[PDB]
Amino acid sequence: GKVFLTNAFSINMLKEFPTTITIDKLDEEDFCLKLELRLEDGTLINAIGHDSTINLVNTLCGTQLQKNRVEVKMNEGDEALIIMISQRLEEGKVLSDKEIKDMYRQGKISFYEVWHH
């Protein structure tokens, strides 16, 4: 199925109820590799709507994503790869990979994968 790239998880992303989903926490490497895999196989749908988050992901993973607004609605065969930022990123501030990995080590960035049980 599809793999949505999102900066949030919401009950609104679930097409139907009841549903049962599994959520794991990812480290950076596994997030970037899964993202790269889904870009290569063409199943990734990018739903990160803001350039700040896009630029962070691109710096972190070496991807070349452009922002894309999509209402995420997941079927039972779909999954999401999620990047969660606590602080609201500055629209303009270019972050070095050292800055991004500080945030990550500080626990200001977390990664998750959500799929159907």
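Don't overthink the numbering: it's just position in the shown sequence, from 1.
As listed in the deposited structure, the average C-alpha B-factor of 102-110 and of 10-18 is greater for 102-110. The PDB entry reports B-factors from which the mean C-alpha value can be compared for 30-38 and 43-51; the larger average falls on 43-51. Sorting the modelled residues of the chain by their CA temperature factor places residue 92 in the highest third.
Per the PDB record, residue ranking by Cα B-factor puts residue 82 in the lowest third of the chain.
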